[PDB]
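Undergrad: So the protein lines, in turn, are chains A and B.
Just so we're aligned, residue 26 is where the first sequence starts under the entry's author numbering, counting upward by one.
Just so we're aligned, residue 26 is where the second sequence starts under the entry's author numbering, counting upward by one.
There are 2 protein chains.
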Amino acid sequence: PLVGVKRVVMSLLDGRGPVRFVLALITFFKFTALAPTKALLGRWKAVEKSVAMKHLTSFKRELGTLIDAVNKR
Amino acid sequence: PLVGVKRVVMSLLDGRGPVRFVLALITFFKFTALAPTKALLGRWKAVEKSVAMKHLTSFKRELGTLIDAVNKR
Numbered sequence: 026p027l028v029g030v031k032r033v034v035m036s037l038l039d040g041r042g043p044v045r046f047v048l049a050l051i052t053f054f055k056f057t058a059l060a061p062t063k064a065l066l067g068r069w070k071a072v073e074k075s076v077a078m079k080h081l082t083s084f085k086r087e088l089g090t091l092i093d094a095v096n097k098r
Numbered sequence: 026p027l028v029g030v031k032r033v034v035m036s037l038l039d040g041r042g043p044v045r046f047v048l049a050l051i052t053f054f055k056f057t058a059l060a061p062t063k064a065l066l067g068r069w070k071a072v073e074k075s076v077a078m079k080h081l082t083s084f085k086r087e088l089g090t091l092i093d094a095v096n097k098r
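#1: Is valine 44 (chain A) close to chain B? Criterion is C-beta to C-beta, closer than 8 Å.
#2: Mark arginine 98 (chain B) as exposed unless 16 or more other C-beta atoms lie within 10 angstroms of its C-beta, in which case mark it buried.
#3: Measuring only between beta-carbons, confirm whether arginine 68 (chain B) sits less than 8 Å from chain C.
#4: Give the single residue among A:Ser36, A:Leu88, A:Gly67 whose Cα lies nearest to the Cα of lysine 55 (chain B).
#5: Quick one: what does DSSP say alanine 64 (chain B) is sitting in, helix, strand or coil?
#6: Give me, in chain order, the residues of the same chain whose beta-carbon lies closer than 8 Å to that of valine 72 (chain B); leave out the 5 immediate sequence neighbours on both sides.
#7: Apart from the five residues just before and just after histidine 80 (chain B), which ones in its own chain have a Cβ nearer than 7 Å to its Cβ?
#8: Measuring straight from C-alpha to C-alpha, what distance separates residue 177 (chain B) and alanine 94 (chain B)?
#9: Can you grab the Cα-Cα spacing for the pair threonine 52 (chain A) / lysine 74 (chain B), in whole Å?
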């Protein structure tokens, strides 16, 4: 059976795991235009607006950092 | 056997698929602080700097729009 991150990601696609990880995997689907699973969308809709804002704005700062690192390769 | 997005994501964790999708899933690992697979890191190291800059800056604009939609719930 699956172990490590592959197990973690499979579980997220079945609706299980931390709220921050749900929100992150939703951003992946937004960037790719792929179809999220029903269980993941279920988790996403139930997240409190204030909780969603906090994690997503933190993702944007981290994406900025990543872009700076790439620019300096 | 796996079908739909689960098959797409499994293949990406084995290093297979479009460069935009590799870059997207790398951002998922950055946001979560989870460990990427060796096969995924291999694809990421091989991406041309200009190609990486283009997709990652487009992700940042899409994340902004997503934050806007959450603010307006």
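Beta carbons are placed, not taken as given, at the ideal position from N, Cα and C, and that holds for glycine.
TA: Checking against the coordinates, here is how it stands:
#1: For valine 44 (chain A), the nearest beta carbon of chain B is not closer than 8 Å to its own beta carbon.
#2: By the neighbour-count rule (16 or more Cβ atoms within 10 Å), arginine 98 (chain B) is not buried but exposed.
#3: The question asks about chain C, but that chain is absent: this structure's protein chains are A and B.
#4: Of A:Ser36, A:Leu88, A:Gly67, the smallest CA-CA separation from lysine 55 (chain B) is found for A:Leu88.
#5: Note: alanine 64 (chain B) maps to helix in three-state DSSP.
#6: Counting only Cβ-Cβ distances below 8 Å, and skipping sequence neighbours, we find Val44, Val47, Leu48.
#7: Excluding sequence neighbours, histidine 80 (chain B) sits near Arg45, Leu48.
#8: Because residue 177 (chain B) is not part of the residues shown, which for chain B are 26 to 98, the question remains open.
#9: Those two C-alpha atoms are separated by around 22 Å.
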